[PDB]
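Asker: experimental structure and sequence below.
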Amino acid sequence: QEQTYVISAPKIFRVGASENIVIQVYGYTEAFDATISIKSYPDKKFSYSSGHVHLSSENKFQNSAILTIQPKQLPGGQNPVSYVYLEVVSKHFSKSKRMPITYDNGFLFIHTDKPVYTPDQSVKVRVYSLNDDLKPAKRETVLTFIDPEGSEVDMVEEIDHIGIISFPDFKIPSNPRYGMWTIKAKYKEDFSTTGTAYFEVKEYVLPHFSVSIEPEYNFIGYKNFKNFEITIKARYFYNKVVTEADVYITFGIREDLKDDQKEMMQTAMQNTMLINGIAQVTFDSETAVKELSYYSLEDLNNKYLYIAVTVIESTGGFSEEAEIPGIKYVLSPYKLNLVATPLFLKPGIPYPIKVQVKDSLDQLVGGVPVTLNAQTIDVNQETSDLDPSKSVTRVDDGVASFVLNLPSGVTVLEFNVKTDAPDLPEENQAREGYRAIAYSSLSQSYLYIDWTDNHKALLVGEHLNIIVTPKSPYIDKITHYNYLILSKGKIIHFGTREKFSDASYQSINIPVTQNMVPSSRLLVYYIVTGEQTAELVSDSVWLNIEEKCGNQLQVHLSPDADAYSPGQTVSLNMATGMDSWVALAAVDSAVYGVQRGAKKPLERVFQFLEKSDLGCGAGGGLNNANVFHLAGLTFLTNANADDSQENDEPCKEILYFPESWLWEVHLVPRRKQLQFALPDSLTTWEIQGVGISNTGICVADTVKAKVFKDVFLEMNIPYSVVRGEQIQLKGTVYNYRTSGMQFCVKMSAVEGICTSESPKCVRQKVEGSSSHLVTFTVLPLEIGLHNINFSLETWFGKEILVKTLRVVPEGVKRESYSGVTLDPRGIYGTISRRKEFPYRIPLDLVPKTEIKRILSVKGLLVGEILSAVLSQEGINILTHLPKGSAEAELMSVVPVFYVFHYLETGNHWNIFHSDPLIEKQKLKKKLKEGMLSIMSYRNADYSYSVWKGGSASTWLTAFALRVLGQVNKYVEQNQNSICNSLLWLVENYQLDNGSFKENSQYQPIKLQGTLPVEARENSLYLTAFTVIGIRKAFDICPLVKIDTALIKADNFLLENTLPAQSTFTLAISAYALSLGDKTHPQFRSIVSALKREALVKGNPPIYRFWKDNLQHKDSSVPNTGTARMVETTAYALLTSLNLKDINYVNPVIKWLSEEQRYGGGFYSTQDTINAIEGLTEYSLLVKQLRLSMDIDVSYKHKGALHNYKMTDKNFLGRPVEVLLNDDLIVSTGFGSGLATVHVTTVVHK
Amino acid sequence: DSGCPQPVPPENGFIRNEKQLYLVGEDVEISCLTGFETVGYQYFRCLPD
Ligand SMILES: *[C@@H]1O[C@H](CO)[C@@H](O[C@@H]2O[C@H](CO)[C@@H](O)[C@H](O)[C@H]2NC(C)=O)[C@H](O)[C@H]1NC(C)=O
């Protein structure tokens, strides 16, 4: 087994990725070539890519092929290709392996300018767009906006030219649902990559200062259950301590970090003073619990503490509050888990272990002692216990570290790690047992690396140097080892490392190239041929590469200042090592303060980019195969190993006053300096920008810039004021001068507001370094937005500030909903392609308010579609079994008719080229011949008989009426004859309790007719069939007395189907009623019985059908039992199609397409005709539901409003606010499918 | 998937499109039995809870 090979490839091929596939062969000498290729699966017919690779001693017999699955060459369509063949071919071997492929190619980083918004705002949003390579993707992209109820609200799509996709600013709808909105971003057409982002809509106001609540621990244990200690601090958003606030503490019980409202406390309800930015608080939890509650002990308290805090600035009008939503009471305060720990042993080599001590609130505990018990087995269960080591955690990471110089014979380590904080008992000291296992080589042949498990990350462009040692019985064969370096899923480097004459192997002296800067991975391997048997030997390791960007875009305010004045002209210099695009944004730090529990837009961007790593853990594995799998690789080899045993499991091991501005995109040709004026808002502004280059994305260092002034005013105007109400409006002026001085603010307001002050004032002096409360009492007369200035005319001159009051109507905000399903084909019956909604006015409108109105159209999708079709046997059913006696002519032709109509569905002339096209004229001819034949059998009295002299048959006449009901779709039968036949059949045989009892016809021709359950009340069958025939005739011969006889027969058939009898009767009766009243209550009750009798395969039904009479017996050929089965199922199908219950019909159609009982039925005419009728009606209803509707909505008197091009793609137009006060008429073209549209009307009372 | 199970329709009403499961944000149009008319907003809508 000398001649061997490895081909190694990513565990999954990403669609359109450039994938680097590397081959090594062993024991060849003659220079030879191979091709590596990617081919369609399973057929291997289509080569997606191929690469010729020459292999020689010159190459040390190693090469790679670079191969890419171009997205358009995949067949696509309904079914994505799941799997693909990787192939190798050479003079010496060929093998192919089924790779999975995945379309998750690239990243979609949604950036919204802010984390939260109010109503009456617009969310400026853009997306950064990258391949699996960090290059700009340049892919057209769609944003999907989703409301807090999960309704899709808009799709907007943009062409990427840059890797930056500046979407249109999404105006918040004229009535938003409150809470967390969602945006989902997808590349169009051909990738699964799905970005997601959120924002909350709330009636917020910008907080004036941050309040920070700072518990010592997010838990309370034995130490703190007696008493806990908790700091509070506050700072104005210009980063200065809040000088004075009245602090009120509001403790509560808690039980759930997620959500609860457990009993709020009423004891130790401390009111206290914050000074110089800080208040210190303590809580004797034991005292408070024992005093207030029926709880009295921590044993009763595997639970949580709630606290809310509110603080009032002691000399001003701004007051702010915050909470801690839970501090965990638990006897075990910590939890423990391993980090970066392989669980795979390198025997004799030192085995380091790192273990993290974590809070019950998922946070790092910091400094804690730990001891590690260890037990080892080397060979033949020879068992030895090691001395228990002890350590302490790192004070920041909470990570304790250990190392064991395990025996060179060690085969497994089982070790128990327990927290060693002496103050906790062992039942409360977080403790865990683990097992670590040797590489389990077959030939005692191993590969180890000297990697010192470095806690510090590698520094870009340094020469890494890792020493590697194979050990084996056959080391003098090995001669070299190979290595692979993995970044994301991709083999970015490969090579080989020769044995020195020293019997020492070249180390991995390599630069950590810039493509490695996301934490990367290394795998090393060799094949040794052994005595005669080859073994693949391999090992792998994790390599953290310190997160340095490629661009390293450095951006700084060149006029560096501690704080700028409001409106200060500033020069912001952006410098880059190379030509780069940049996106810039500015957001007020107070907006991050708005969100109770904030987060930044692009935190953790790099760990998100690292999600593309297919491997997991620190490296190693139970085997060569497991080493490759956990490295995220796979391999083809003849060296007696394969990946296939191992599952694709999801491995989870742990390793002017704007609110925002500067929202801009620019080219930085290596350097550009942009000057602009800051806003008038005296706050710290968090300025951020993102460089985008071929090297990849780099989020710049965030710039925080303070806007500050020695003196200013701010006013606590709420988000909105109730109209027509006198209000108290509070503010405070802040003095940062060294000294006090006389200040006044002269307010000035529009006449839409009145105030008792009627503004020049006393001009109070604020003392230095202090704030003075200012309050005005005002009533707003008028709704909407109203301007009010304030001039802080103070020292030697004026000052200016401007604000807009928002005024909301009194009483209640109220709403109504109305809507319809538009139905231009009457799929539900009533054609409903037009509707109108009046300008309705409520009985108690708040007199000056105006009704807001919002229309909301919604598409309705077809869902699943089934390609149930006839074979080329349709041609045999045209030429079908010889016309002649027994009315073998009727048996031949009536299928010709039904085939006619099936083909008339249309597909089977446009597309049928796969098969021989049925000649239109030939089909027509055969149709005509059958029409003449069927006429020939008509009775003179417009009855029918098979025998010329036979009796009238009401049954066969109804069958005639059905068929002749079908024919009219292309060739009408002379309706006079039909009407005469109907009159004969009803007038002769309409009994008044049941109807159409069959005349003394000698027999039913068993293949032409069928066997109903004649043992009981065959009048039920006869009534059903006659009804159905009449239904098919009536549209061509509408007659009032025929209508009446229909009513009678339907009534009898219903009332006599209340007992279930046999399910064939129930199904055919249900179908008859489905032709009648689709919606009668007892009709529906029969349907609910039938749907109970339906057998199903699979919990979600894959197939649904009905059996009776022990038809569960096997039958190799169609028979009368299968005839009954197929008939009753076809009637249930037709009933369900009358219900248009496609989600119910689909598994019935799939069942019917099986042709279980192959040939079907008895192969009777009846079963065949009902089956084809059902298939045609299904394909019809399917193409009816295909949505296409240009719904144009307009006012009655006023103009058009909107014109939704409702399509399977554009299936959901955005909500439109109905501005104008008029009746609304909604309309559509004939179009196709179904849709529904709703207007909501919003009003005040 | 924690969607919505089928709601019981009001008296004399029925579901146009009876299913085992309805999607989040999906609305189900009720309709009234043969003798009856719908009055009010004939759509229920599946909430995320
Ligand atoms: C608030 O201050 C602004 C700024 O001065 C006022 O707007 C100015 O109004 C005068 C006329 O009175 C115009 O000539 C200026 O051009 C306006 N300034 C602009 C447009 O920037 C506004 O009227 C004041 N509102 C009050 C006092 O209620």
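Answerer: Noted; the coordinates are in hand. Residues are numbered from 1 along each chain as shown, chains lettered A, B, ... in the order given.

Asker: show me the biggest strand of the chain in terms of residues.
Answerer: Defaulting to chain A. Using DSSP state E, we find that the single longest strand of chain A is strand A:569-588.

Asker: my question was about chain B, not that one.
Answerer: With secondary structure taken from DSSP E, chain B has its longest strand at strand B:27-32.

Asker: tell me the strands beside that strand, with direction?
Answerer: Sheet pairing for strand B:27-32, assigned by DSSP bridges, gives strand B:13-15 (antiparallel), strand B:43-45 (antiparallel).

Asker: gap between it and the chain center?
Answerer: Computed by C-alpha atoms, centre = their mean, to the nearest Å, the chain-centroid distance of strand B:27-32 equals 5 Å.

Asker: and for stretch A:273-291?
Answerer: On C-alpha atoms, centre = their mean, the centre of stretch A:273-291 falls 45 Å from the chain's centre.

Asker: and if you look at stretch A:1181-1201?
Answerer: Computed by C-alpha atoms, centre = their mean, the chain-centroid distance of stretch A:1181-1201 equals 29 Å.

Asker: can you pull the contacts of the spatially most central residue of chain B?
Answerer: Residue closest to the average C-alpha location in chain B (C-alpha atoms, centre = their mean): residue B:28, at 3.7 Å. For residue B:28, the contact set (C-beta atoms under 8 Å, 6 or more residues apart in numbering or on different chains) comprises B:7, B:15, B:16, B:17, B:22, B:43, B:44, B:45, B:46. Using the backbone N, CA and C atoms, a C-beta is placed for each residue, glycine as well.

Asker: ditto for residue A:1147
Answerer: Residue A:1147 neighbours (C-beta under 8 Å, 6+ apart): A:1096, A:1101, A:1102, A:1103, A:1104.

Asker: 10 Å instead?
Answerer: The neighbours of residue A:1147, taking C-beta atoms under 10 Å, 6 or more residues apart in numbering or on different chains as the test, are A:864, A:866, A:1094, A:1096, A:1097, A:1098, A:1100, A:1101, A:1102, A:1103, A:1104, A:1105.

Asker: ok, now residue A:440?
Answerer: A:344, A:345, A:411, A:412, A:446, A:621, A:622, A:623, A:624, A:626.

Asker: if I look at residue A:238, how far off is chain B?
Answerer: The span separating residue A:238 from chain B equals 40 Å under the rule C-beta to the nearest C-beta, to the nearest Å.

Asker: then residue A:1053?
Answerer: 16 Å.

Asker: looks to me like that residue is in a helix.
Answerer: Yes. The assignment for residue A:1053 by DSSP: H, G, I helix; E, B strand; the rest coil puts it in a helix.

Asker: I'd guessed it sits against residue A:1074; true?
Answerer: No. Residue A:1053 lies out of contact with residue A:1074 (C-beta atoms under 10 Å); the separation is 11.5 Å.

Asker: touching both of the two, which residues are there?
Answerer: Common neighbours of residue A:1053 and residue A:1074, counting by C-beta under 10 Å, 6+ apart, are residue A:1086.

Asker: got the buried residues for the helix or strand where residue A:1184 lies?
Answerer: Element membership for residue A:1184 (DSSP states H and E) is helix A:1165-1185. For helix A:1165-1185, the neighbour count (16 or more other C-beta atoms under 10 Å in any protein chain shown) marks A:1165-1179, A:1181-1182, A:1185 as buried.

Asker: what does stretch A:299-311 give?
Answerer: A:301, A:303, A:304, A:305, A:306, A:307, A:308, A:309, A:310, A:311.

Asker: the host helix or strand of residue A:232: what's the following helix or strand?
Answerer: For residue A:232, the host element (DSSP H and E) is strand A:228-236. Toward the C-terminus, strand A:228-236 is succeeded by strand A:240-241 as the next helix or strand (DSSP H and E).

Asker: what strands line up against that next one, and which way round?
Answerer: Going by DSSP bridges, the partners of strand A:240-241 are strand A:228-236 (antiparallel).

Asker: buried stuff in stretch A:941-958?
Answerer: By neighbour count on 16+ other C-beta under 10 Å, the buried set for stretch A:941-958 is A:942-946, A:950-958.

Asker: gap between that stretch and the chain center?
Answerer: 63 Å.

Asker: start and end of it, how far apart?
Answerer: Using C-alpha to C-alpha, to the nearest Å, the end-to-end distance of stretch A:941-958 comes to 15 Å.

Asker: about what we covered before: check contacts around the closest residue to the residue nearest to the centre of chain B other than its chain neighbours.
Answerer: Leaving aside its sequence neighbours, residue B:28 sits nearest to residue B:44 (C-beta to C-beta, 6 or more residues apart in numbering or on different chains; 5.0 Å). Neighbouring residues of residue B:44 by C-beta under 10 Å, 6+ apart: B:4, B:7, B:9, B:10, B:15, B:22, B:26, B:27, B:28, B:29, B:30.

Asker: what's the farthest-apart pair in these?
Answerer: Spanning the widest gap among those are B:10 and B:26, at 18.4 Å by C-beta to C-beta.

Asker: ramachandran angles for the residue lying farthest from the centre of chain A?
Answerer: In chain A, the greatest distance from the average C-alpha position (C-alpha atoms, centre = their mean) is reached by residue A:949, at 70.7 Å. Backbone torsions of residue A:949, given as degrees, to the nearest 10, read phi -90, psi 0.

Asker: how much space between it and the ligand?
Answerer: In this view, residue A:949 and the ligand are 105 Å apart by C-beta to the nearest ligand atom, to the nearest Å.

Asker: flag every residue of chain B that's near chain A.
Answerer: B:12, B:14, B:16-21, B:23-27, B:29, B:31-36, B:40-43, B:45-48 (C-beta under 10 Å from any C-beta of the partner chain).

Asker: of those, buried ones?
Answerer: The neighbour count (16+ other C-beta under 10 Å) marks B:14, B:17-19, B:24-27, B:29, B:31-33, B:42-43, B:45-46 as buried among those.

Asker: which two from those residues end up farthest apart in space?
Answerer: Across these, no pair lies farther apart than B:24 and B:33, at 28.5 Å, counting by C-beta to C-beta.

Asker: flag every residue of the stretch 451-600 of chain A that's near chain B.
Answerer: Going by C-beta under 10 Å from any C-beta, none of the residues of the stretch 451-600 of chain A are near chain B.

Asker: tell me which element whatever residue of the stretch 451-600 of chain A ends up closest to chain B falls in.
Answerer: When scored by C-beta to the nearest C-beta, the stretch 451-600 of chain A has residue A:597 as its residue closest to chain B, at 20.2 Å. Using DSSP H and E, residue A:597 falls within no helix or strand.

Asker: what do you get for the one 10 residues further on?
Answerer: Here residue A:607 is covered by helix A:605-609, with elements defined by DSSP H and E.

Asker: do residue A:460 as well
Answerer: Per DSSP H and E, there is no helix or strand for residue A:460.

Asker: any idea how far residue A:116 is from residue A:156?
Answerer: Shown here: residue A:156 relative to residue A:116, a distance of 21 Å by C-beta to C-beta, to the nearest Å.

Asker: what about those two, which has more around it?
Answerer: Shown here are residue A:156 and residue A:116; by other C-beta atoms under 10 Å in any protein chain shown, residue A:116 has more neighbours (21 against 14).

Asker: wait, isn't the more buried one in contact with residue A:601?
Answerer: No. Between residue A:116 and residue A:601 no contact is recorded; they are 11.6 Å apart, counting by C-beta under 10 Å.

Asker: so what sits against both of the two?
Answerer: Taking C-beta under 10 Å, 6+ apart as the contact rule, residue A:116 and residue A:601 both touch residue A:592.

Asker: ok, back up a step: now the strand holding residue A:232, how far from the centre of its chain.
Answerer: On the basis of C-alpha atoms, centre = their mean, strand A:228-236 sits 40 Å off its chain's mean C-alpha point.

Asker: pull out the buried positions in that strand.
Answerer: The neighbour-count check on strand A:228-236 (16+ other C-beta under 10 Å) flags A:228, A:230, A:232, A:233, A:234, A:235, A:236 as buried.
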